[PDB]
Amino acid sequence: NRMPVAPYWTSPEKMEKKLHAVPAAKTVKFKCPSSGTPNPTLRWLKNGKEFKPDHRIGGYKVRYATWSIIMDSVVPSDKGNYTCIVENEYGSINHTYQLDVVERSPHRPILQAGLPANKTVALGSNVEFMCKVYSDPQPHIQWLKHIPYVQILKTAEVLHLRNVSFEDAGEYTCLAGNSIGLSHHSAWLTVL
């Protein structure tokens, strides 16, 4: 009916941002604004293969008017390349977006249970206490000796006591804290 026109980008700019990194649970939308006559088709692929809505929990909508696909609540399994393919009887163009998802953990730091563990050593023995911390936001770790009164020992995984003596005996604590809260585990050092 009208003058043929191969499909072309209507907002190439917006498409410059290739990688979409999103925190888990956010709704992700991809657009490939396009035009062409006769009016072109919109299809979407995930890592090369066809992408049907049953391919993921939640499925996904495609607003043909806004040349976009909308995926609610993205999760790691969703990570991958998404390609839109626009085409008509006179041409086909395409574009690919990378999608990365990161699960955010807004809790105070978590210490590995059991660590540090009690220890019994002989006078003169060197000693090491371990502490395993997990924290999305940057954790600040400190080791504390009990004298509850305390004596900061080290300030930012292991507390190292050189040529230990009886005075070295006692309770020790590994403290880790972030913007949300702080956590700690203690252990007792016995000396013989």
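For every residue, the number given is its place in the sequence shown, counted from 1.
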Please classify the coordinate gap between residue 156 and residue 157 in terms of deposited residues: none, 1 to 3, 4 to 9, or 10 or more. 4 to 9
I'd like to know the size of any gap between residue 147 and residue 148, counted in deposited residues with no coordinates: none, 1 to 3, 4 to 9, or 10 or more. 10 or more
Stretch with the greater mean C-alpha B-factor as recorded in the entry, comparing 14 to 22 against 174 to 182: 14 to 22
Looking only at C-alpha temperature factors in the entry, 53 to 61 or 135 to 143, the higher average sits in 53 to 61
Among 42, 127, 152, 28, single out the one with the highest C-alpha B factor in the record, please. 152
C-alpha B factor of residue 83, ranked within the chain: lowest, middle or highest third? lowest
Is residue 96 in the lowest, middle or highest third of its chain when residues are ranked by C-alpha B-factor? lowest
Chain-wide C-alpha B factor ranking for residue 120, given as lowest, middle or highest third: highest
